[PDB]
A.B. asks: 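Mind looking over this structure? Questions follow.
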Amino acid sequence: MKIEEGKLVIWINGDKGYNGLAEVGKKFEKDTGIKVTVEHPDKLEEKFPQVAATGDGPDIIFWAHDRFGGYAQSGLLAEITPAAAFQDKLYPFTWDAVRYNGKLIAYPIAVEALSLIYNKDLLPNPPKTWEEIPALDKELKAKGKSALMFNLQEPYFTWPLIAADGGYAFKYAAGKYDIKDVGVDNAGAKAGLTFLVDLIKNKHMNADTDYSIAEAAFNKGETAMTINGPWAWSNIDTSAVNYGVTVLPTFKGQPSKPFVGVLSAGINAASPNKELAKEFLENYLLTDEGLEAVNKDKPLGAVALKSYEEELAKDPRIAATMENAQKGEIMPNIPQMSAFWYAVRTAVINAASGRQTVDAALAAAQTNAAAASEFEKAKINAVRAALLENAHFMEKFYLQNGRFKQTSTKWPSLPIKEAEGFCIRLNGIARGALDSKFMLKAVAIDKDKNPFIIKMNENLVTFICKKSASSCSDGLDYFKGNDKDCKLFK
Ligand SMILES: OC[C@H]1O[C@H](O[C@H]2[C@H](O)[C@@H](O)[C@@H](O[C@H]3[C@H](O)[C@@H](O)[C@@H](O)O[C@@H]3CO)O[C@@H]2CO)[C@H](O)[C@@H](O)[C@@H]1O
Ligand code: NA
Ligand code: NA
Ligand code: NA
Ligand code: NA
Ligand code: NA
């Protein structure tokens, strides 16, 4: 159950250079005696918050930075505090990708963007526009080939087209990503997904194509182009394909806008090996030799470490990666990114299969992306459970005393005064309060992490309110005052 002291367990995705990373772990063990176990479990980014919530999981978790705000909201990550001399060794924008509510919550490793990858023997002059792909596919179909195959099961790969003409995830305004301003169903997003769906309708792509299908077709010379990231180049090198890496096609005259990911390494808040983890990441991995060992296994892309990036930048494939990154933008790291991705995944699959029109698929995704996160819903349920336990006490107290108040100016002391990061009190001053009614109110101790209050009456009718000035630190035994932006709990 508990993480073992005196060892490092690392999780990293199966498309990355995990054998190269294990070589870094071997060097760490030679120098320190500390064994390093690198694992690449399936769905590691979903497993981590499940097991880390209980104090389990790896010491170190690797993923793109977009997952990390959610992990931090759940209290799963240790704060990262590099010395200034170390911080200056990495590009500032990579630290900003892993900065959440003022704190660094991971070490940045590498900067990833998708590029267009093309077979130079089939296609010495690849297209500059998406619009010319249908004609090109027709020519290649006459030769027993196809123009383009890429993973249609993951929204990461289709997003650059959706974003090109105006799609966006969350608008950045007034100094934050605004989770109420989602750009998934505007005209530009609809234009881009419509074009992808048109390609499928016209048999230029097949809706069922996934990562392995598209990789095999490209690496076997059956399709002229694919869309993928630097991690994919290793398997192409093994193949007989002479490939180039270039800027993504434009759509309606505008660049495709890939979402740029920073592969990042966080430290589990429950790890008893935090100082060893920091030494591994700072002094072994984030060095020219450490990144090289990973890069030799599967290319990292551009790296966050300035010294090594100066070498990698001379590789034309890295120059092309950077060109596409410059036309995209950094993913937000905020907790809501999970809801955004799951929503767009379903939309693309549904529109591409014909199960829904583009308009209906994206209208649903727009709603789902802005809807209450899984964290918020779980928190509300868990806080409500604590309210129910206190309500049970209130009814026990009532039977014992004939009223809900202890005295005319004092409420009885509750059995569950804190739960799930909320303080819980009776709501309303006791003076003049009626004898056969009560209200319980739960307020967050950390109101940036849990920006809502929950209140419940004696018959368990519950409201969630997003605006309240109440504070758990005000030194009082009750709450008073009105809440705003309230909605019935169902
Ligand atoms: O689609 C469901 C999927 O949504 C979320 O996954 C997203 C990743 O969080 C995001 O980083 C990006 O993933 C790509 C990696 O950055 C890249 O290094 C490489 O591994 O390819 C990945 C894409 O397959 O985009 C995906 C969305 O496609 C969410 O975190 C997942 O739990 C969920 O399964
Ligand atoms: Na340091
Ligand atoms: Na910090
Ligand atoms: Na923000
Ligand atoms: Na690289
Ligand atoms: Na470039």
Side-chain angles (χ1 to χ4, degrees), residues 12-18 40-50 61-73 77-84 86-87 95-102 104-107 109-114 150-160 162 169-170 172-179 181 210-212 214-215 227-232 258-264 266-267 278 298-301 321 325 328 330-349 365 368-369 373-374 448 451:
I12 185 168
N13 201 42
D15 63 3
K16 305 307 191 304
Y18 52 81
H40 51 98
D42 295 333
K43 304 186 193 292
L44 78 85
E45 83 292 353
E46 295 181 329
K47 289 170 177 170
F48 178 74
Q50 290 164 352
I61 180 271
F62 284 75
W63 197 260
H65 70 284
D66 63 298
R67 265 287 186 171
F68 279 72
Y71 299 159
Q73 175 173 56
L77 297 173
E79 179 178 5
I80 299 309
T81 52
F86 182 85
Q87 195 166 353
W95 289 117
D96 211 41
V98 299
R99 191 178 283 112
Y100 185 65
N101 289 336
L104 301 172
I105 62 171
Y107 288 92
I109 310 298
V111 182
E112 304 174 358
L114 291 169
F150 71 94
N151 186 6
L152 303 179
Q153 310 309 309
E154 283 295 340
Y156 183 70
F157 296 84
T158 300
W159 187 253
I162 292 168
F170 305 102
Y172 185 90
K176 65 183 175 64
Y177 294 103
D178 182 354
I179 61 160
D181 186 345
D210 68 10
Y211 190 97
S212 80
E215 176 179 52
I227 295 171
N228 220 321
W231 53 84
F259 247 151
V260 178
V262 179
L263 176 67
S264 301
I267 298 170
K278 292 168 186 172
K298 298 293 183 72
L300 286 162
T321 299
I330 201 76
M331 287 188 285
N333 64 26
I334 63 173
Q336 199 76 14
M337 284 299 290
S338 279
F340 160 79
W341 281 125
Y342 287 123
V344 175
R345 183 186 207 271
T346 297
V348 171
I349 291 178
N368 296 335
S373 64
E374 293 295 330
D448 300 325

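Remember, it's 1-based here, ligands and their atoms both numbered in the order they're listed. Just so you know, residue 1 is the first one in the sequence shown, and it goes up from there.
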A.B. asks: Taking ring pair (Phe, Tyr, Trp, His ring centres under 6.0 Å) as the test, write out the residues that go with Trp231, two or more places apart.
C.D. replies: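 Checked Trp231 against ring pair (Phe, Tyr, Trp, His ring centres under 6.0 Å); zero matches.
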
A.B. asks: Can you tell me the angle formed at the Na ion (ligand 3) by O of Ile80 and OE2 of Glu79, to 10°?
C.D. replies: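 Output for this angle: 110°, rounded to tens.
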
A.B. asks: Taking only heavy atoms of the protein into account, state which residues are under 4.0 angstrom from an atom of ligand 1, in chain and number order.
C.D. replies: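 The answer is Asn13, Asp15, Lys16, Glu45, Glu46, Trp63, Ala64, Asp66, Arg67, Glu112, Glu154, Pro155, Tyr156, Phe157, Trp231, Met331, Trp341, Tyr342, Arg345, counting any residue whose heavy atom sits under 4.0 Å from ligand 1.
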
A.B. asks: Restricting to pairs with a member in residues 333-344, which pass salt bridge (charged side-chain N to carboxylate O under 4.0 Å, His left out), not counting sequence neighbours?
C.D. replies: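 Of all non-adjacent pairs touching residues 333-344, none passes salt bridge (charged side-chain N to carboxylate O under 4.0 Å, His left out).
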
A.B. asks: How close do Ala97 and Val262 get, counting heavy atoms only, and between which atoms?
C.D. replies: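 Heavy-atom minimum between the residues: CB-CG2, 3.8 Å.
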
A.B. asks: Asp96: which residues meet the salt bridge (charged side-chain N to carboxylate O under 4.0 Å, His left out) condition with it, sequence neighbours left out?
C.D. replies: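 If we apply the salt bridge (charged side-chain N to carboxylate O under 4.0 Å, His left out) test to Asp96, skipping adjacent residues, the hits are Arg99.
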
A.B. asks: Taking atom NE2 of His65 and atom CD1 of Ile330, what is their separation to the nearest 0.5 Å?
C.D. replies: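 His65 atom NE2 to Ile330 atom CD1 measures 4.0 Å (nearest 0.5 Å).
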
A.B. asks: Are any non-hydrogen side-chain atoms of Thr158 and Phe150 less than 4.5 angstrom apart?
C.D. replies: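 The answer is yes; the side chains approach within 4.5 Å.
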
